[PDB]
Ligand SMILES: Cc1cc2nc3c(=O)[nH]c(=O)nc-3n(C[C@H](O)[C@H](O)[C@H](O)COP(=O)(O)OP(=O)(O)OC[C@H]3O[C@@H](n4cnc5c(N)ncnc54)[C@H](O)[C@@H]3O)c2cc1C
Ligand SMILES: Cc1cc2nc3c(=O)[nH]c(=O)nc-3n(C[C@H](O)[C@H](O)[C@H](O)COP(=O)(O)OP(=O)(O)OC[C@H]3O[C@@H](n4cnc5c(N)ncnc54)[C@H](O)[C@@H]3O)c2cc1C
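Right under this line is the structure:
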């Protein structure tokens, strides 16, 4: 066997890598130990960035037609049981009109609810169609690196055979216990994730629309520990989660209690368990090996950043491998994979963990014990209806506590979108870092400075709305400018013919292909109309010029050659 | 390797077979020579029967959320070009209110538009998830049958290795040039399909909603030969088809002419060719080999019966192999596969071909030549606007001709649903064949007589509509009766414990789990309320009793033992 890139793993990171590589004409052989694509629903939250990437390749429309949309996952209800009395609700997943606006202004896509069970196979099938060899029931065993590529040993669970595959690079998208990471010797840190804890999940079917329809929500939390009624399909498919474990028909009981009532005909599906040693990789790259996904970041499910962050890891490295394999870019370009993705890995492991320190306070608000029994939790409901000044501080305390839990339920827009890149793959412009005017975890800050992702705004084509993001991507470099920067079209030519690289230029303005109809691009560019913003295949701005002056024009070439390593 | 059933092919028939077998707990290893699932859109029409089967397994909702629905494929427009003048339209795919009612009354599902490109992978991924081993890039080379199973030789296009797989049965779902059919020696007939002719298909993208939206249609025919603008995704994705061929950028020209105007920005995709030696197999079964799909029926694309008929071939044989492999049924049960599916194979090859003799008359109506040039076809448009009595006969002639083309565009409801089974797997009741009151190709006739598929009617559960079909299926035998046939619950028990077979009984009536709310079941059963209708896992009624009399009750056992071959 001989492939350009061996992809170990077919989950979110692997499938995406194979689809993008194929889309770029690079031969890749993605493997996966199991029969199917994952069985449980696992991850479910799809953030804007993941959507954008789905939109770039043409998989958004299908994605949206298998997901629950944003309007059905805004009611986060804290209660005793589903059929019980509530404590309160929070506007989850940017439901609050303010949060919704900030959401809508940051990108043309929007939160949706798509379980991994359906997302996986959509991407695996597309990778194959796009020309990426796929092969399940084949496990990676190890590899040996050498100066011209790698050879790896594969076990085939169908024939029982064993074989080698020669590849130029390997992508370690093999999960939480990456054998690829262990072989490459990648250092891991921040294991302080407390005491290694797991979760137990149970699937079951019931028709609980009568207790959902009027208050449509992605999840219904129960205080019972902090159990959780997560919707899989509205409102007939479910799952309970709570905090390596055996259970039986008794689970049906647990649920009947989690539903409060035992009258909706329930059908108990599979029962899994999930453990996690919270850690990141300090480095994601060793020689010709690159890891990504849970293979570089392992953490809690708070904020659902794991599947999203993993697809973004694949987006950042695909075009890069493709440019290097085609000889248009020097192998150095690959060094920025670690530079740009590694800080994202550590950032999310810590944030996902920090969010776990927001729930506990809801208990302390009900002046309760973590191991509340019944009377205790029934006496809390009483103390809460108290008509005294001390009942007010109390109710106020509980509202405060619950509202503090939003950062882990749709409130961390900054965390999802505020990616700042520093590396050879980004050509600095000379300006200083502007900062964040407001909290960088909670609110997103749009920025055209090199290192940041393009900012969304709407534009028009045939008088129909198109987003700045639609103009770019496509496995190519993008240059955006206006009418007065006409000179950018030629520069770009001279710098593309000479560098053997594709470089699409768009001159936005009146009577042009794309038009600044609402004047919003002029508003969000942070530069004259004659300036230019170079956009990488992954949507990040690496180069920014303030005008079309000879000294601004001459710099393009220096930036591209620099970004490519030549 | 060792599997219970080797499935050669992963298209519609193979994927479905693997999903159903898995669903029945039978170990199956489905293979496929290619990388992906098919690339072109190929088949696109999904008939009611295919839907029903999707609904039984739980894949209807997903299917419906990737398809164009019935309301967008009712306007069949005959024109010069898309942007030209029309000759006329026909109500395709049961759009006509009368046809729509007959459609809606025959089943709880409805025509939809889902290309094979999306349908394939939905079913392949589900088969894997359900526990069916899948493996592409593996080709079948041949096999040797022996009295206890078969051994087949496989070529692996990934490792280059060659290996054997031992299986009890093989399912030849390998297409139009089935190597499995040739090895099993299956006789083929009715090659008279005239002179072997092909079609050329071309994909392209344009935004032609401005010339579709007001007249939503599955296809736009152009008279140019009989070209055809088929929609893939409304209304940006397309394909032209017309009557082994090379073409280039010039195709873009062909289309610009097929669109009439050259102003919509067009993007030329792939260009394939499709050939077909019209033939059926006289027998579909040899020893331990069973063929299905195009491997048993090859024909034109008129009436889109091929993909539907192929899924139905898999539905008919899955439960059967499962009962035999579990030792609950004698190997003889498998003999009815040929008895019941074989006549369907010949019926559709001939019908698909006959439909090709309905188009030609539209020309003779315009008093034209098959090879019309331009002036000729422009002079036809003139002769058509003539204000004479001879212009009237003419316009009337053309309307007649076009309306005759409906049998191949949604008019053959009988053909899609009028399956009559005769075999050991059906226990006759003693009544004679009732016939069809109206044309058996055009209109469907519901019939509770053994050998026919359950008739759809609505019933209620929790006051919510459920279709008689929903009560049955599930890889099990189903007995339907009413309040006065209470005795059927016990009989069924005695006959299920003793035969080691699952047999669900439903007593439909007032205050029961299912209720004849609209009295429609009482109306369509053709028997007393005390009677019973036994339904096979494939939705076909094999046994029918007129009442709960001791002589009617005692017969159940004799029928089940007979249907199973014991
Ligand atoms: C049970 C469970 C429940 C979860 N629930 C949630 C949730 O509710 N919310 C949330 O945000 N996140 C959840 N996660 C985490 C989430 O699944 C990850 O963030 C996401 O799957 C990362 O994608 P990945 O492809 O990197 O991981 P994976 O998809 O696990 O990548 C590894 C894949 O490669 C294959 N593979 C592994 N080892 C080998 C080998 N040696 N050889 C060949 N192939 C191999 C495996 O088939 C595996 O599918 C859950 C994880 C698990 C396990
Ligand atoms: C180009 C094209 C266009 C078409 N367009 C239409 C249309 O517009 N309308 C319509 O109604 N019908 C159309 N058809 C016919 C339609 O595709 C068939 O009715 C349908 O595909 C039947 O399903 P199947 O799985 O039996 O066929 P297939 O899916 O072809 O079954 C064979 C499959 O098994 C695999 N296989 C084959 N040989 C081997 C081997 N030796 N070893 C291992 N694996 C093997 C192949 O990968 C192949 O996918 C078209 C067919 C083609 C080829």
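Residue numbers (PDB author numbering), protein chains in the order written: chain A, 5 to 227, 236 to 255, 263 to 585; chain A', 5 to 227, 236 to 255, 263 to 585. A prime marks a further copy of an entry chain.
We put the CB at the ideal spot given by N, CA and C, even for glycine.
Secondary-structure assignment with DSSP links residue 117 of chain A' through a beta bridge to A':49, A':72. Under the criterion of beta carbons closer than 8 Å, residue 58 of chain A' and residue 337 of chain A' do not qualify as touching, at roughly 14 Å. Judged by the Cβ position, residue 360 of chain A' fails to qualify as a neighbour of ligand 2 at the 6 Å threshold, every heavy atom of the ligand being at least this far. Not one heavy atom of ligand 2 falls within 6 Å of the beta-carbon of residue 128 of chain A.
Rounded to the nearest whole angstrom, the C-alpha separation of residue 130 of chain A and residue 132 of chain A' is 16 Å. Each residue's CA atom was taken as its position, placing residue 516 of chain A and residue 310 of chain A some 34 Å apart. With respect to the 7 Å criterion, residue 322 of chain A' and residue 80 of chain A' are not classified as neighbours on the basis of their beta carbons. According to DSSP, residue pairing for residue 472 of chain A in a beta bridge involves A:559. Between the segment 465-485 of chain A and the segment 539-554 of chain A, the count of C-beta pairs closer than 8 Å reaches three or more; the two stretches touch. Judged by DSSP secondary structure, residue 378 of chain A falls outside any beta strand (DSSP E); it is assigned neither H nor E. Counting every other CB atom within 10 Å of its CB across the protein chains shown gives residue 538 of chain A' a total below 16, marking it as exposed.
Contact between the segment 325-337 of chain A and the segment 186-193 of chain A is absent, with fewer than three C-beta pairs closer than 8 Å. Residue A':456 holds the alpha-carbon nearest to the alpha-carbon of residue 433 of chain A' among A':456, A':418, A':8.
For residue 205 of chain A', the secondary structure class from DSSP, reduced to helix, strand or coil, is strand.
Counting only Cβ-Cβ distances below 8 Å, residue 137 of chain A has contacts in chain A' at 39, 141, 162, in chain order. Closest option to residue 372 of chain A, judged by alpha-carbon separation, among A:519, A:427, A:485: A:427. Sequence-ordered contacts of the segment 45-74 of chain A with chain A' read 65, 66, 69, 70 [C-beta pairs closer than 9 Å]. Relative to ligand 2, residue 178 of chain A' has its C-beta within less than 6 Å of a heavy atom. For residue 87 of chain A', the three-state secondary structure derived from DSSP is coil. Within the segment 387-435 of chain A, no run of beta strand (DSSP E) at least 3 residues long lies entirely inside it. For residue 254 of chain A, the uninterrupted beta strand (DSSP E) segment begins and ends at 249-254. Residue pairing for residue 501 of chain A: DSSP places it in a beta bridge opposite A:527. Identification of chain A residues near residue 144 of chain A' by a Cβ-Cβ cut-off of 8 Å yields none; the smallest Cβ-Cβ distance measures about 14 Å.
Between the segment 346-361 of chain A' and the segment 206-226 of chain A' there are fewer than three inter-stretch CB-CB distances shorter than 8 Å, so the stretches are not counted as touching. Within the same chain, and ignoring the five residues on either side of residue 253 of chain A in sequence, the residues whose Cβ sits closer than 6 Å to its Cβ are 203, 205, 240.
In this model, residue 48 of chain A' and residue 362 of chain A are separated by some 47 Å (Cα to Cα).
The C-beta distance from residue 360 of chain A' to residue 405 of chain A' rounds to 52 Å, too long to meet the 8 Å contact threshold.
For residue 89 of chain A', the closest C-alpha among the options A':41, A':52, A':227 is that of A':227. Closest option to residue 449 of chain A', judged by alpha-carbon separation, among A':383, A':177, A':574, A':198: A':574. For residue 95 of chain A', the three-state secondary structure derived from DSSP is strand.
Beta-bridge partners of residue 160 of chain A (DSSP): A:142. For the pair residue 295 of chain A and residue 125 of chain A', the Cα-to-Cα distance works out to about 32 Å.
Ranking A':68, A':582, A':458, A':60 by CA distance to the CA of residue 342 of chain A' puts A':582 first. Taking a C-beta distance under 7 Å as the contact criterion, residue 141 of chain A' and residue 157 of chain A' do not qualify as a contact pair. Contacts with chain A' (Cβ-Cβ distance below 7 Å) from the segment 111-130 of chain A involve 125, 129, listed in chain order. Residue 101 of chain A does not reach chain A', its nearest Cβ partner there being about 29 Å away, counting only Cβ pairs nearer than 9 Å.
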